[PDB]
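File shown: my_file-v4.cif (mmCIF, C-alpha atoms).
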```cif
data_input
#
loop_
_atom_site.label_atom_id
_atom_site.label_comp_id
_atom_site.auth_asym_id
_atom_site.auth_seq_id
_atom_site.Cartn_x
_atom_site.Cartn_y
_atom_site.Cartn_z
CA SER A 458 -33.23 42.09 91.98
CA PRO A 459 -34.60 39.26 89.76
CA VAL A 460 -35.31 37.46 93.04
CA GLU A 461 -37.67 40.38 93.80
CA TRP A 462 -39.62 40.19 90.53
CA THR A 463 -43.36 39.68 90.77
CA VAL A 464 -45.24 37.36 88.42
CA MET A 465 -46.12 40.39 86.29
CA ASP A 466 -42.46 41.44 86.28
CA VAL A 467 -41.60 38.00 84.89
CA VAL A 468 -44.37 38.31 82.29
CA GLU A 469 -43.16 41.78 81.30
CA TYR A 470 -39.57 40.52 81.01
CA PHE A 471 -40.40 37.76 78.54
CA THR A 472 -42.79 40.01 76.61
CA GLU A 473 -40.01 42.58 76.16
CA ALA A 474 -37.51 39.79 75.43
CA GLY A 475 -39.57 38.77 72.40
CA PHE A 476 -41.72 35.91 73.79
CA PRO A 477 -45.10 37.62 74.31
CA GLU A 478 -47.06 34.45 73.53
CA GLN A 479 -45.05 32.31 75.96
CA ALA A 480 -44.90 35.04 78.63
CA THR A 481 -48.52 34.34 79.61
CA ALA A 482 -47.54 30.80 80.64
CA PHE A 483 -45.42 32.30 83.43
CA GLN A 484 -48.59 34.04 84.61
CA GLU A 485 -50.58 30.80 84.32
CA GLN A 486 -48.02 28.92 86.44
CA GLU A 487 -47.61 31.84 88.92
CA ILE A 488 -43.85 32.07 88.40
CA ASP A 489 -42.27 35.08 90.09
CA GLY A 490 -38.56 35.89 90.19
CA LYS A 491 -37.92 33.59 93.14
CA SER A 492 -39.54 30.65 91.36
CA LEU A 493 -37.77 31.63 88.14
CA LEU A 494 -34.42 31.27 89.92
CA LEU A 495 -35.45 27.75 91.02
CA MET A 496 -36.39 26.39 87.59
CA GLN A 497 -34.45 23.65 85.84
CA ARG A 498 -34.39 22.71 82.17
CA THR A 499 -37.27 20.22 82.21
CA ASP A 500 -39.48 22.72 84.07
CA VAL A 501 -39.28 25.13 81.12
CA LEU A 502 -39.49 22.50 78.39
CA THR A 503 -42.34 20.39 79.81
CA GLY A 504 -43.94 22.41 82.62
CA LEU A 505 -45.14 25.55 80.84
CA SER A 506 -47.28 24.09 78.01
CA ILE A 507 -45.31 26.14 75.48
CA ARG A 508 -43.85 25.17 72.13
CA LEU A 509 -40.44 23.53 72.28
CA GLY A 510 -38.65 25.99 69.99
CA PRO A 511 -39.20 29.09 72.12
CA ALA A 512 -38.95 27.05 75.34
CA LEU A 513 -35.39 26.01 74.45
CA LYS A 514 -34.35 29.64 73.94
CA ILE A 515 -36.26 30.86 77.00
CA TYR A 516 -34.26 28.51 79.24
CA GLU A 517 -30.79 28.74 77.70
CA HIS A 518 -30.73 32.47 76.86
CA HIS A 519 -32.79 33.98 79.68
CA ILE A 520 -33.62 31.74 82.63
CA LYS A 521 -30.11 30.26 82.75
CA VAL A 522 -28.62 33.72 82.14
CA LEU A 523 -30.71 35.18 84.97
CA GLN A 524 -29.68 32.40 87.36
CA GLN A 525 -25.98 32.98 86.61
CA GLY A 526 -25.81 36.79 86.66
CA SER B 458 -42.68 15.44 114.14
CA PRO B 459 -43.21 15.11 110.38
CA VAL B 460 -42.86 11.30 110.21
CA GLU B 461 -45.98 10.97 112.40
CA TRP B 462 -48.06 13.44 110.38
CA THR B 463 -51.35 12.21 108.98
CA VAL B 464 -52.64 13.39 105.61
CA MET B 465 -54.69 15.92 107.58
CA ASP B 466 -51.51 17.21 109.24
CA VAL B 467 -49.77 17.58 105.87
CA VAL B 468 -52.75 19.53 104.49
CA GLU B 469 -52.78 21.78 107.57
CA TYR B 470 -49.04 22.41 107.24
CA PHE B 471 -49.22 23.69 103.66
CA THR B 472 -52.40 25.65 104.39
CA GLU B 473 -50.77 27.40 107.36
CA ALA B 474 -47.58 27.85 105.30
CA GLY B 475 -49.56 29.83 102.72
CA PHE B 476 -50.38 27.24 100.02
CA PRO B 477 -54.09 26.58 100.67
CA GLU B 478 -54.89 25.90 97.01
CA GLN B 479 -51.96 23.49 96.66
CA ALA B 480 -52.59 21.75 100.00
CA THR B 481 -55.54 20.05 98.29
CA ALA B 482 -53.14 18.03 96.12
CA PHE B 483 -51.70 16.36 99.22
CA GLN B 484 -55.16 15.05 100.08
CA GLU B 485 -55.75 14.00 96.46
CA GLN B 486 -52.48 12.04 96.43
CA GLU B 487 -52.94 10.80 100.04
CA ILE B 488 -49.54 12.07 101.18
CA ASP B 489 -48.89 11.69 104.90
CA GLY B 490 -45.70 12.65 106.72
CA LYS B 491 -43.96 9.37 105.92
CA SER B 492 -44.69 9.81 102.21
CA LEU B 493 -43.75 13.50 102.45
CA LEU B 494 -40.26 12.52 103.66
CA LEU B 495 -39.88 10.20 100.64
CA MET B 496 -40.74 12.80 97.98
CA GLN B 497 -38.16 13.95 95.44
CA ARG B 498 -38.14 17.04 93.22
CA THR B 499 -40.02 15.59 90.25
CA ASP B 500 -42.73 14.22 92.57
CA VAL B 501 -43.66 17.76 93.61
CA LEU B 502 -43.31 19.41 90.21
CA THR B 503 -45.09 16.78 88.09
CA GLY B 504 -46.89 14.43 90.48
CA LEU B 505 -49.24 16.81 92.29
CA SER B 506 -50.97 18.53 89.32
CA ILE B 507 -50.29 21.95 90.85
CA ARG B 508 -48.91 25.15 89.36
CA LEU B 509 -45.16 25.20 88.79
CA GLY B 510 -44.41 28.46 90.61
CA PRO B 511 -45.90 27.30 93.91
CA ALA B 512 -44.60 23.75 93.36
CA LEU B 513 -41.02 25.04 93.10
CA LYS B 514 -41.27 26.86 96.44
CA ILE B 515 -43.12 23.95 98.05
CA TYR B 516 -40.25 21.59 97.26
CA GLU B 517 -37.34 23.95 97.94
CA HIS B 518 -38.44 25.70 101.13
CA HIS B 519 -40.74 23.15 102.75
CA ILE B 520 -40.42 19.53 101.63
CA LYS B 521 -36.65 19.87 101.34
CA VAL B 522 -36.49 21.76 104.64
CA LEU B 523 -38.61 19.15 106.44
CA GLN B 524 -36.50 16.29 105.05
CA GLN B 525 -33.25 17.95 106.17
CA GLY B 526 -34.53 18.69 109.68
CA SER C 458 -24.61 27.06 58.84
CA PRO C 459 -27.41 25.42 60.85
CA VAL C 460 -27.39 28.17 63.52
CA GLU C 461 -28.93 30.58 60.98
CA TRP C 462 -31.58 28.17 59.65
CA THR C 463 -35.16 29.39 59.80
CA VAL C 464 -38.05 27.17 60.86
CA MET C 465 -38.80 26.58 57.17
CA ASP C 466 -35.12 25.75 56.63
CA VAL C 467 -35.45 23.08 59.33
CA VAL C 468 -38.61 21.62 57.79
CA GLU C 469 -36.87 21.63 54.41
CA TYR C 470 -33.81 19.87 55.86
CA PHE C 471 -35.80 16.98 57.31
CA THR C 472 -37.93 16.74 54.17
CA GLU C 473 -34.79 16.28 52.07
CA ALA C 474 -33.44 13.88 54.72
CA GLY C 475 -36.40 11.56 54.19
CA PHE C 476 -38.63 12.54 57.14
CA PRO C 477 -41.20 14.81 55.45
CA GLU C 478 -44.02 13.58 57.69
CA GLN C 479 -42.00 14.36 60.82
CA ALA C 480 -40.75 17.65 59.35
CA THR C 481 -44.12 19.28 60.09
CA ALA C 482 -43.51 18.77 63.82
CA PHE C 483 -40.56 21.17 63.68
CA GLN C 484 -42.89 23.77 62.18
CA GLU C 485 -45.52 23.00 64.84
CA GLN C 486 -42.97 23.55 67.62
CA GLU C 487 -41.33 26.58 65.93
CA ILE C 488 -37.86 25.03 65.95
CA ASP C 489 -35.32 27.04 63.96
CA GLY C 490 -31.64 26.16 63.55
CA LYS C 491 -30.69 27.83 66.83
CA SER C 492 -33.38 25.86 68.67
CA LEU C 493 -32.29 22.72 66.81
CA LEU C 494 -28.76 22.99 68.19
CA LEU C 495 -30.19 23.31 71.73
CA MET C 496 -32.19 20.08 71.52
CA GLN C 497 -31.44 17.08 73.72
CA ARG C 498 -32.50 13.47 73.23
CA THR C 499 -35.74 13.58 75.20
CA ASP C 500 -36.85 16.74 73.36
CA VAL C 501 -36.95 14.81 70.07
CA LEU C 502 -38.46 11.59 71.42
CA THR C 503 -41.12 13.16 73.66
CA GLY C 504 -41.43 16.83 72.70
CA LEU C 505 -42.27 16.61 68.99
CA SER C 506 -45.29 14.24 69.14
CA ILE C 507 -43.82 12.09 66.36
CA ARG C 508 -43.48 8.33 66.01
CA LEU C 509 -40.67 6.84 68.09
CA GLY C 510 -38.95 4.91 65.29
CA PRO C 511 -38.35 7.95 63.08
CA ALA C 512 -37.63 10.05 66.17
CA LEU C 513 -34.72 7.80 67.17
CA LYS C 514 -33.14 8.15 63.72
CA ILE C 515 -33.86 11.89 63.55
CA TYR C 516 -31.90 12.42 66.76
CA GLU C 517 -29.07 9.95 66.22
CA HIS C 518 -28.28 10.60 62.55
CA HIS C 519 -29.22 14.25 62.05
CA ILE C 520 -29.69 16.40 65.15
CA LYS C 521 -26.68 14.86 66.88
CA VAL C 522 -24.67 15.02 63.69
CA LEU C 523 -25.56 18.69 63.17
CA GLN C 524 -24.70 19.59 66.77
CA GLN C 525 -21.34 17.80 66.47
CA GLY C 526 -20.32 19.24 63.09
CA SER D 458 -39.46 -16.49 95.99
CA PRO D 459 -40.88 -13.30 94.46
CA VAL D 460 -39.36 -14.03 91.03
CA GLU D 461 -41.95 -16.81 90.59
CA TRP D 462 -45.00 -14.73 91.58
CA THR D 463 -47.79 -14.48 89.03
CA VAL D 464 -49.69 -11.25 88.37
CA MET D 465 -52.37 -12.42 90.81
CA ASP D 466 -49.68 -13.19 93.41
CA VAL D 467 -48.46 -9.59 93.11
CA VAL D 468 -52.03 -8.32 93.47
CA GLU D 469 -52.60 -10.45 96.58
CA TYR D 470 -49.28 -9.32 98.08
CA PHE D 471 -50.13 -5.63 97.87
CA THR D 472 -53.70 -6.32 99.00
CA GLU D 473 -52.31 -8.10 102.07
CA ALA D 474 -49.69 -5.35 102.51
CA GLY D 475 -52.43 -2.75 103.01
CA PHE D 476 -52.59 -1.29 99.47
CA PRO D 477 -55.75 -2.92 98.09
CA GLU D 478 -56.76 0.14 96.05
CA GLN D 479 -53.34 0.30 94.36
CA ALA D 480 -53.11 -3.49 93.98
CA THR D 481 -55.44 -3.42 90.96
CA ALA D 482 -52.89 -1.32 89.07
CA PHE D 483 -50.51 -4.29 89.09
CA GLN D 484 -53.25 -6.35 87.46
CA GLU D 485 -53.88 -3.56 84.94
CA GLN D 486 -50.19 -3.35 84.02
CA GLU D 487 -49.73 -7.17 84.05
CA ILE D 488 -46.87 -7.06 86.55
CA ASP D 489 -45.75 -10.46 87.82
CA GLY D 490 -42.85 -11.15 90.17
CA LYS D 491 -40.20 -11.01 87.45
CA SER D 492 -41.48 -7.64 86.23
CA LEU D 493 -41.73 -6.45 89.85
CA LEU D 494 -38.00 -7.14 90.30
CA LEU D 495 -37.23 -4.98 87.23
CA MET D 496 -39.12 -1.87 88.34
CA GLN D 497 -37.36 1.39 89.10
CA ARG D 498 -38.62 4.29 91.18
CA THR D 499 -40.21 6.26 88.35
CA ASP D 500 -42.02 3.12 87.13
CA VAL D 501 -43.98 2.96 90.39
CA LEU D 502 -44.56 6.70 90.78
CA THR D 503 -45.61 7.46 87.18
CA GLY D 504 -46.24 4.14 85.42
CA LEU D 505 -49.01 2.66 87.56
CA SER D 506 -51.46 5.61 87.57
CA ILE D 507 -51.84 5.40 91.36
CA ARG D 508 -51.82 8.09 94.03
CA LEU D 509 -48.38 9.46 94.88
CA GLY D 510 -48.54 8.90 98.65
CA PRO D 511 -49.17 5.15 98.47
CA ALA D 512 -46.85 4.80 95.46
CA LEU D 513 -43.92 6.20 97.46
CA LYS D 514 -44.43 3.62 100.22
CA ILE D 515 -45.04 0.84 97.69
CA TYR D 516 -41.62 1.46 96.13
CA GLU D 517 -39.63 2.18 99.29
CA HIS D 518 -40.97 -0.42 101.72
CA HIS D 519 -41.94 -3.25 99.36
CA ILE D 520 -40.59 -3.22 95.80
CA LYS D 521 -37.16 -1.97 96.88
CA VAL D 522 -37.17 -4.42 99.80
CA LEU D 523 -38.00 -7.34 97.49
CA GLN D 524 -35.30 -6.33 95.00
CA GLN D 525 -32.68 -6.03 97.75
CA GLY D 526 -33.59 -9.40 99.29
CA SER E 458 -29.04 -9.59 61.45
CA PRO E 459 -30.97 -7.28 63.78
CA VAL E 460 -29.90 -3.99 62.17
CA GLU E 461 -31.45 -5.24 58.91
CA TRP E 462 -34.84 -6.11 60.42
CA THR E 463 -37.90 -4.47 58.90
CA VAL E 464 -40.79 -3.19 61.01
CA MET E 465 -42.68 -6.46 60.58
CA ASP E 466 -39.49 -8.38 61.38
CA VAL E 467 -39.55 -6.59 64.75
CA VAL E 468 -43.27 -7.31 65.15
CA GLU E 469 -42.57 -10.96 64.30
CA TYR E 470 -39.76 -11.11 66.87
CA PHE E 471 -41.86 -9.93 69.80
CA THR E 472 -44.83 -12.07 68.76
CA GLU E 473 -42.62 -15.18 68.77
CA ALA E 474 -41.02 -14.00 72.03
CA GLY E 475 -44.48 -14.19 73.61
CA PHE E 476 -45.61 -10.53 73.47
CA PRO E 477 -48.19 -10.56 70.65
CA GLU E 478 -50.29 -7.74 72.11
CA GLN E 479 -47.27 -5.48 72.62
CA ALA E 480 -45.71 -6.34 69.24
CA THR E 481 -48.32 -4.11 67.58
CA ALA E 482 -46.78 -1.02 69.21
CA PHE E 483 -43.61 -1.55 67.17
CA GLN E 484 -45.71 -1.27 64.02
CA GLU E 485 -47.51 1.79 65.43
CA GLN E 486 -44.22 3.55 66.21
CA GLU E 487 -42.56 2.40 62.95
CA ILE E 488 -39.63 0.75 64.73
CA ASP E 489 -37.40 -1.30 62.45
CA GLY E 490 -34.24 -3.10 63.53
CA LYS E 491 -32.09 0.01 63.13
CA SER E 492 -34.43 1.96 65.43
CA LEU E 493 -34.67 -1.00 67.83
CA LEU E 494 -30.90 -0.82 68.40
CA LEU E 495 -31.24 2.88 69.32
CA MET E 496 -33.89 2.42 72.01
CA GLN E 497 -33.18 3.12 75.66
CA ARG E 498 -35.14 1.95 78.69
CA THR E 499 -37.50 4.91 78.95
CA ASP E 500 -38.36 4.62 75.24
CA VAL E 501 -39.80 1.15 75.85
CA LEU E 502 -41.55 2.03 79.11
CA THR E 503 -43.13 5.38 78.16
CA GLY E 504 -42.94 5.71 74.36
CA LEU E 505 -44.82 2.60 73.19
CA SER E 506 -48.15 2.94 75.07
CA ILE E 507 -47.87 -0.65 76.31
CA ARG E 508 -48.50 -2.14 79.74
CA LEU E 509 -45.61 -1.72 82.15
CA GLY E 510 -45.18 -5.38 83.08
CA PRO E 511 -44.52 -6.64 79.55
CA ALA E 512 -42.56 -3.47 78.73
CA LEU E 513 -40.07 -4.19 81.52
CA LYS E 514 -39.40 -7.68 80.16
CA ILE E 515 -39.36 -6.46 76.54
CA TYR E 516 -36.51 -4.08 77.37
CA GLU E 517 -34.50 -6.18 79.82
CA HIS E 518 -34.74 -9.65 78.24
CA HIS E 519 -34.90 -8.77 74.55
CA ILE E 520 -34.04 -5.22 73.49
CA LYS E 521 -31.07 -5.03 75.85
CA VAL E 522 -30.00 -8.55 74.86
CA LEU E 523 -30.13 -7.78 71.14
CA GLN E 524 -28.17 -4.55 71.59
CA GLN E 525 -25.43 -6.40 73.53
CA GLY E 526 -25.23 -9.52 71.34
#
```
If you took the structure in this file and wrote it as C-alpha cells, what would it be?
Amino acid sequence: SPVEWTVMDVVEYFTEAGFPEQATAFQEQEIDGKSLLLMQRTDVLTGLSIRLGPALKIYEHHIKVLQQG
Amino acid sequence: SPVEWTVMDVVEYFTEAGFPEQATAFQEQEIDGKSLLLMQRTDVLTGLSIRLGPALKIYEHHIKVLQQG
Amino acid sequence: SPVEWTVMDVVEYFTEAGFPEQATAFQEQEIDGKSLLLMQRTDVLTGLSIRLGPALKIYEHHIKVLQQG
Amino acid sequence: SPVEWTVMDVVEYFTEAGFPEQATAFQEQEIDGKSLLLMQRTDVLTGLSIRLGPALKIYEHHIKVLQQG
Amino acid sequence: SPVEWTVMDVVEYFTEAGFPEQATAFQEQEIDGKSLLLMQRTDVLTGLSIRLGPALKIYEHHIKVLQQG
C-alpha cells in the first residue's frame, strides 16, 4: 500500500511521524509512495533541501523501513 | 530507435510519457538519444535540475527501460 | 552513551574536543547523538558547511571513534 | 601524444571534435593533456559546468578513448 | 615530516610545487599536514573551490604521493 500513497499521503506520513517541517519537502519534490520506494540515501540527504539531522533519521528509520516492509 | 533520436525526439518522448515540465530539462542539457543511452542514475537526479519525485520515475521506468531495450 | 545525546550535548562535545567553531554546525543541522551515529564521511565533509581541514579530523578522530566505541 | 597537450591544445581538440561551446570550459578549468588523462566520469559531468548531453559524449567518446589509448 | 606540517607548511609545499594560486585554498580550508594525510580524491576536486585541472594534479602527483611515501 505504500506504493499507492499520493504525495499528500507521504506528507501526512512524515508529519505524523514527527517531521512536520521536513514533510513539506516531499511535497516540494512531488514524492509519492512510488517515488519514495525508489529513493536512495543520497536522495534524502542531499535532494530534499532539509537539515542533515532529521534527514538521517528520515532515511534510516522510515524510508528504509518502508522499502523493506 | 532511441540512438537516432534528436533532442527534439527526446523532448517529445518525455512529453508524451507524461513529464512535460521535466522534458524541458532535456532541451536545456541538449540530451539527444545517444546521450540519453549514456545517462546514469545521478545524471537524472542531480544533473537535470528537476524535481526528485519525477526524476526518480524518469530514470527507473524510462531511461533505464530504454537503455535495456 | 552517545545515542542519547541531545543536539546541545553534541555541540558541547565538539566544543570540549577543540572544534567550538564547527560545533555550531551540528546545532544548525539539528544533529543529536542518534543522528551523529548515522553519519557517513561525506555527511561531515559536505553536509555541515564547515572548513575541510577541521571536518576531516572531526570525522576521523571523533565521529568514527564514537560510532566504533 | 595527448600527455604533452597544453591547455590550448585541449581547447583546440574539443573545438575540432565538434564541442566548441564546451571547449572553453577546459580553458576555464586549466586542463592540459596530463590533467585530461586523470579525469574520471564525474569530473566531466559535474566539474566543468557544461551541459549534460555534450558532457556525456565528451567523456565517453573522447576522454575515455584518449585514456584507453 | 608531513604529519607535522602546519597550515602554512602545506601552503608552502604547493607553492613550491608550482600551484601558488591553489595553495591559498589550503589556508582557506585550514588544512595542516595531519588533515592533508586524511584527504581523498573528491575532497581535493570538490572541497577546495579550485580549478579542476590543477586539482587533478594536486591529488595524483602530490597528495597521493605524500600519503604513500
Please, can I see chain E fitted onto chain D by all in-order Cα atoms (least squares), as a PDB file with C-alpha atoms, in the frame of the given file?
```
ATOM      1  CA  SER E 458     -39.982 -16.888  95.688  1.00  0.00           C
ATOM      2  CA  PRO E 459     -40.686 -13.419  94.288  1.00  0.00           C
ATOM      3  CA  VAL E 460     -39.372 -14.060  90.764  1.00  0.00           C
ATOM      4  CA  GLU E 461     -41.949 -16.864  90.462  1.00  0.00           C
ATOM      5  CA  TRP E 462     -44.938 -14.734  91.491  1.00  0.00           C
ATOM      6  CA  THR E 463     -47.848 -14.527  89.073  1.00  0.00           C
ATOM      7  CA  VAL E 464     -49.739 -11.294  88.426  1.00  0.00           C
ATOM      8  CA  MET E 465     -52.347 -12.181  91.045  1.00  0.00           C
ATOM      9  CA  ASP E 466     -49.562 -13.162  93.451  1.00  0.00           C
ATOM     10  CA  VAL E 467     -48.352  -9.556  93.132  1.00  0.00           C
ATOM     11  CA  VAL E 468     -51.906  -8.248  93.554  1.00  0.00           C
ATOM     12  CA  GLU E 469     -52.271 -10.473  96.629  1.00  0.00           C
ATOM     13  CA  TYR E 470     -48.996  -9.163  98.072  1.00  0.00           C
ATOM     14  CA  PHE E 471     -49.953  -5.496  97.923  1.00  0.00           C
ATOM     15  CA  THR E 472     -53.486  -6.187  99.155  1.00  0.00           C
ATOM     16  CA  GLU E 473     -52.089  -7.955 102.234  1.00  0.00           C
ATOM     17  CA  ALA E 474     -49.481  -5.191 102.605  1.00  0.00           C
ATOM     18  CA  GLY E 475     -52.368  -2.745 103.034  1.00  0.00           C
ATOM     19  CA  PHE E 476     -52.662  -1.252  99.516  1.00  0.00           C
ATOM     20  CA  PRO E 477     -55.825  -2.918  98.163  1.00  0.00           C
ATOM     21  CA  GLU E 478     -56.802   0.013  95.938  1.00  0.00           C
ATOM     22  CA  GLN E 479     -53.332   0.261  94.393  1.00  0.00           C
ATOM     23  CA  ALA E 480     -52.929  -3.519  94.016  1.00  0.00           C
ATOM     24  CA  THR E 481     -55.323  -3.379  91.051  1.00  0.00           C
ATOM     25  CA  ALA E 482     -52.772  -1.381  89.031  1.00  0.00           C
ATOM     26  CA  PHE E 483     -50.436  -4.386  89.049  1.00  0.00           C
ATOM     27  CA  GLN E 484     -53.164  -6.392  87.334  1.00  0.00           C
ATOM     28  CA  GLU E 485     -53.819  -3.520  84.902  1.00  0.00           C
ATOM     29  CA  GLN E 486     -50.136  -3.292  83.948  1.00  0.00           C
ATOM     30  CA  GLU E 487     -49.671  -7.099  83.894  1.00  0.00           C
ATOM     31  CA  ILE E 488     -46.818  -7.038  86.410  1.00  0.00           C
ATOM     32  CA  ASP E 489     -45.762 -10.471  87.623  1.00  0.00           C
ATOM     33  CA  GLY E 490     -42.906 -11.154  90.026  1.00  0.00           C
ATOM     34  CA  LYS E 491     -40.303 -11.138  87.255  1.00  0.00           C
ATOM     35  CA  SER E 492     -41.480  -7.685  86.129  1.00  0.00           C
ATOM     36  CA  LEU E 493     -41.735  -6.502  89.750  1.00  0.00           C
ATOM     37  CA  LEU E 494     -38.002  -7.155  90.208  1.00  0.00           C
ATOM     38  CA  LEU E 495     -37.270  -4.968  87.153  1.00  0.00           C
ATOM     39  CA  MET E 496     -39.167  -1.896  88.350  1.00  0.00           C
ATOM     40  CA  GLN E 497     -37.401   1.336  89.219  1.00  0.00           C
ATOM     41  CA  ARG E 498     -38.717   4.242  91.270  1.00  0.00           C
ATOM     42  CA  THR E 499     -40.218   6.246  88.419  1.00  0.00           C
ATOM     43  CA  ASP E 500     -42.051   3.150  87.136  1.00  0.00           C
ATOM     44  CA  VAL E 501     -44.011   2.967  90.393  1.00  0.00           C
ATOM     45  CA  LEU E 502     -44.620   6.710  90.685  1.00  0.00           C
ATOM     46  CA  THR E 503     -45.615   7.527  87.084  1.00  0.00           C
ATOM     47  CA  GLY E 504     -46.347   4.225  85.311  1.00  0.00           C
ATOM     48  CA  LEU E 505     -49.102   2.736  87.494  1.00  0.00           C
ATOM     49  CA  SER E 506     -51.673   5.587  87.569  1.00  0.00           C
ATOM     50  CA  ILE E 507     -51.878   5.363  91.366  1.00  0.00           C
ATOM     51  CA  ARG E 508     -51.911   8.084  94.007  1.00  0.00           C
ATOM     52  CA  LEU E 509     -48.477   9.421  94.875  1.00  0.00           C
ATOM     53  CA  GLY E 510     -48.637   8.852  98.630  1.00  0.00           C
ATOM     54  CA  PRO E 511     -49.207   5.092  98.464  1.00  0.00           C
ATOM     55  CA  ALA E 512     -46.878   4.820  95.453  1.00  0.00           C
ATOM     56  CA  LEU E 513     -43.973   6.232  97.470  1.00  0.00           C
ATOM     57  CA  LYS E 514     -44.462   3.622 100.195  1.00  0.00           C
ATOM     58  CA  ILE E 515     -45.093   0.832  97.663  1.00  0.00           C
ATOM     59  CA  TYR E 516     -41.674   1.458  96.116  1.00  0.00           C
ATOM     60  CA  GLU E 517     -39.612   2.253  99.209  1.00  0.00           C
ATOM     61  CA  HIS E 518     -41.010  -0.251 101.733  1.00  0.00           C
ATOM     62  CA  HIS E 519     -41.922  -3.155  99.463  1.00  0.00           C
ATOM     63  CA  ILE E 520     -40.606  -3.154  95.895  1.00  0.00           C
ATOM     64  CA  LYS E 521     -37.160  -1.965  96.962  1.00  0.00           C
ATOM     65  CA  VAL E 522     -37.185  -4.388  99.902  1.00  0.00           C
ATOM     66  CA  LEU E 523     -38.101  -7.365  97.724  1.00  0.00           C
ATOM     67  CA  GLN E 524     -35.430  -6.497  95.157  1.00  0.00           C
ATOM     68  CA  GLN E 525     -32.758  -6.302  97.898  1.00  0.00           C
ATOM     69  CA  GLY E 526     -33.823  -9.366  99.910  1.00  0.00           C
TER      70      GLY E 526
END
```
Item checked: Target residues per the PyMOL selection byres ((chain B and resi 495) around 12), formatted as a ChimeraX atom specification -> /B:459-460,488-494,496-501,516,520-521,523-525 /D:498,502,509-518
Item checked: Contacts of residue 482 (chain E) at 9 Å (all atoms listed in the file; same-chain gap of 5+ positions) as a VMD selection string -> chain E and resid 468 487 to 488 505 to 507
Next item on the list: Dump as a ChimeraX atom specification all residues having an atom at most 9 Å from (-46.6, 32.6, 70.1), computed in the file's coordinates with all atoms listed in the file.
Entry: /A:476-479,507-508,511
Item checked: Computed interatomic separation between CA of residue 473 (chain D) and CA of residue 519 (chain D) (Å) -> 11.8 Å
Next item on the list: Would you mind reading off the distance between CA of residue 480 (chain C) and CA of residue 463 (chain C), one decimal, in Å?
Entry: 13.0 Å
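Taking CA of residue 484 (chain B) as the reference point, CA of residue 464 (chain B) is found at 6.3 Å.
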